[PDB]
Amino acid sequence: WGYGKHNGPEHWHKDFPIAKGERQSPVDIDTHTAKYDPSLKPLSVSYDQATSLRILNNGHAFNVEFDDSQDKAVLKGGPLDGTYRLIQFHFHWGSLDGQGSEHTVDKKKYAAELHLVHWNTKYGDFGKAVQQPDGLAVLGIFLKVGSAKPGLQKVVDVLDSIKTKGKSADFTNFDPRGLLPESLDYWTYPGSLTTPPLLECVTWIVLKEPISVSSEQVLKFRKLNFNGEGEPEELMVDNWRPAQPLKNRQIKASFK
Ligand SMILES: NS(=O)(=O)c1ccc(NC(=O)NS(=O)(=O)c2ccc(Cl)cc2)cn1
Ligand SMILES: [Zn+2]
């Protein structure tokens, strides 16, 4: 599977039949149809003790990985019951500034989307959590092209060292608080992983406020490769799944 003509999102269902399931992600967020749920709590993002370890090009995106063997960087509150530990973040992005995000807002596509992936500590580890309907919480943040995001630059500058699939680099002391927007207002709905295995284990929390990144920053994302070293160059771009049917779901808003 991948994002090409012959192995892209429209093909995934053949190996991953859940691709046509009842709670697939991403979705379009119709802002007028989302309903304010006054009982939704403010989100608690507690990243002060985060321990980043490594950055990896996995052939479909790059993951910044964290130590999730203790409650160091956690997400709580909002729609969530209990404590969700940060395991990794990654992005999805386009070949052009007018596409790249997975979620859309009133059909608007952003240039990219950041996913901070967390797992519910009552399930003990990530592999068990993905087998549960409330196993994961993914915090989604839109990126638009404008001013640079200073907190992103340390990521941008290491990408040369992980150009190709399977490459990793040490990536300690990275503070993911530098990727957050000012407001934590969000939409939330039950969904899935957006890449195979497409498991229906995610509480999605998608922030309303995008972060701005510069054209130079996103250009560096687009220099990455899907291929391994010594293989024909295929630029890592358009690694996003399009919006999937909402089916029997309501998107809730934390704000009016
Ligand atoms: N929804 S998402 O944030 O883009 C997202 C999609 C897919 C994944 N997939 C993922 O972690 N795959 S994996 O590491 O190979 C893996 C690991 C363990 C299991 Cl049990 C299943 C899959 C993570 N986040
Ligand atoms: Zn993702």
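Residues numbered from 1 in each chain as written, not as in the entry; some residues may be left out. Chains lettered and ligands numbered in written order. Heavy atoms only, no water. Residues with missing side-chain atoms left out of burial classes, pairs and counts.

- As annotated in the PDB entry, the chain carries the name Carbonic anhydrase 2 and comes from Homo sapiens.
- As deposited in the PDB, this entry carries the title "Crystal structure of human carbonic anhydrase II in complex with the 5-(3-(4-chlorophenylsulfonyl)ureido)pyridine-2-sulfonamide inhibitor".
- We quote the UniProt Subunit (literature references left out) comment for the chain here in full: "Interacts with SLC4A4. Interaction with SLC4A7 regulates SLC4A7 transporter activity. Interacts with SLC26A6 isoform 4 (via C-terminus cytoplasmic domain)."
- Listed under Sequence similarities in UniProt, the entry text for the chain is "Belongs to the alpha-carbonic anhydrase family." (UniProt positions renumbered as here; feature names shortened; annotations may be inferred.)

## Let's talk about the overall build of the chain
Part 1: Counting its regular elements, the chain contains three helices and 15 strands.
Part 2: Since a compact globule built from 256 residues should have a radius of gyration of about 18 Å, the 17 Å found for the chain is in line with a globular shape.
Part 3: Reported as C-alpha extents along the three principal axes, the dimensions of the chain are approximately 50 × 40 × 40 Å.
Part 4: Taking the contacts inside the chain whose residues are at least 6 apart along the sequence as the reference set, 71% of them involve residues at least 24 apart. (Helix = DSSP H or I, 4+ residues; strand = E, 2+ residues; numbered from the N terminus. Rg over C-alpha atoms; globule rule 2.2 N^0.38 Å. Contact = heavy atoms within 4.5 Å.)

## Quick word on the site of ligand 1
Part 1: Taken together, 13 residues lie around ligand 1, and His90, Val130, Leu193, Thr194 and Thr195 are the ones closest in.
Part 2: Here an oxygen atom of ligand 1 sits 3.3 Å away from a polar atom, N or O, in the side chain of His90.
Part 3: Contact distances for ligand 1 include 3.4 Å between an oxygen atom and a side-chain N or O atom of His115.
Part 4: Relative to its unbound accessible area of 550 Å², ligand 1 is 68% covered by the protein chains.
Part 5: Mapping ligand 1 onto the cavity grids shows that it belongs to the largest pocket.
Part 6: Among the elements of the structure, β7 (84-93), β9 (112-120) and α1 (126-129) are those that each provide at least two residues to the shell around ligand 1.
Part 7: The residue inventory of the shell around ligand 1, partitioned by class, reads seven nonpolar, six polar and no charged. (Near = heavy atom within 4 Å. Polar contact = N/O pair within 3.5 Å; in protein donor to acceptor, adjacent residues only side chain to side chain. Areas by Shrake-Rupley, 256 points an atom, 1.4 Å probe, with all protein chains shown as cover. 1 Å grid on protein atoms, 1.4 Å probe; cavity = no way out; pocket = protein on both sides within 12 Å on 5 of 7 lines; lining within 4 Å. Sits in = over half its atoms within 2 Å of the grid points. Nonpolar A, V, L, I, M, F, W, Y, C, P; charged D, E, K, R; others polar.)

## As for the coordination of the zinc ion (ligand 2)
Part 1: The coordination sphere of the zinc ion (ligand 2) contains the protein donors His90 (NE2), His92 (NE2) and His115 (ND1), at a distance range of 2.0 to 2.1 Å.
Part 2: Classification of the site at the zinc ion (ligand 2) as tetrahedral follows from its four donor atoms and the range of 99 to 115 degrees in their angles at the metal.
Part 3: Coordination of the zinc ion (ligand 2) draws on donor residues from a single chain, spaced H-x1-H-x22-H in sequence. (Donors = N, O, S within 2.8 Å, 3.2 Å for Na, K, Ca; no water. Tetrahedral: all angles 85-135°; square planar, octahedral: opposite > 155°, others 65-115°.)

## Considerations on the nonpolar core
Part 1: By size, the foremost hydrophobic cluster in this structure holds 47 residues, and its most contacted members are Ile55, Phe62, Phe89 and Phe91.
Part 2: Sorting the residues of this core by element identifies β5 (62-66), β7, β9, β10 (136-145), α2 (153-158), β13 (202-207) and β14 (211-213) as the ones contributing at least two each.
Part 3: If we ignore the near neighbours within four places in the chain, the residues touching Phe89 are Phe62, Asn63, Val64, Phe66, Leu114, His115, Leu116, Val155, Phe174, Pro176 and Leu179.
Part 4: Listed in part, the 23 residues of the second largest apolar core include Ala34, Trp119, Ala253 and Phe255. (Core = buried A, V, L, I, M, F, W, Y, C linked by side-chain atoms within 4.5 Å. Buried < 20%, exposed > 50% of the residue type's maximum accessible area, 1.4 Å probe, protein only.)

## Topic: the UniProt feature "active site" in the chain
Part 1: UniProt feature "active site": in the numbering of this structure it lies at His60.
Part 2: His60 has contacts with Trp1, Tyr3, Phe226, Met236 and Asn239, leaving out every residue within four places of it along the chain.

## Quick notes on the packing of aromatic side chains
Part 1: Tallied over the entire structure, the rule returns 15 aromatic pairs.
Part 2: On the numbers, 6.0 Å between centres and 45 degrees between planes, the contact of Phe66 with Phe89 is tilted. Of the two residues, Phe66 is situated in strand β5 and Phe89 in strand β7; the sequence distance between them amounts to 23 residues.
Part 3: Centroid distance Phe89 to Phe174: 5.7 Å. Interplanar angle 50 degrees. Geometry classified as tilted. Of the two residues, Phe89 is situated in strand β7 and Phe174 in the loop between β11 (168-170) and β12 (186-191); the sequence distance between them amounts to 85 residues. (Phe/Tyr/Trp six-rings, centres within 6.5 Å; stacked < 30°, edge-to-face > 60°.)

## Details of empty space enclosed by the protein
Part 1: Within this model, the largest cavity holds a volume of roughly 30 Å³.
Part 2: If you go around the largest cavity, the residues you meet are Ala50, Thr51, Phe66, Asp67, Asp68, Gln70, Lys72, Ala73, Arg85 and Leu86.
Part 3: Of the residues contributing to the lining of the largest cavity, the split by class is four nonpolar, two polar and four charged. (Points joined across faces, edges and corners; volume = space filled by probe spheres on them.)

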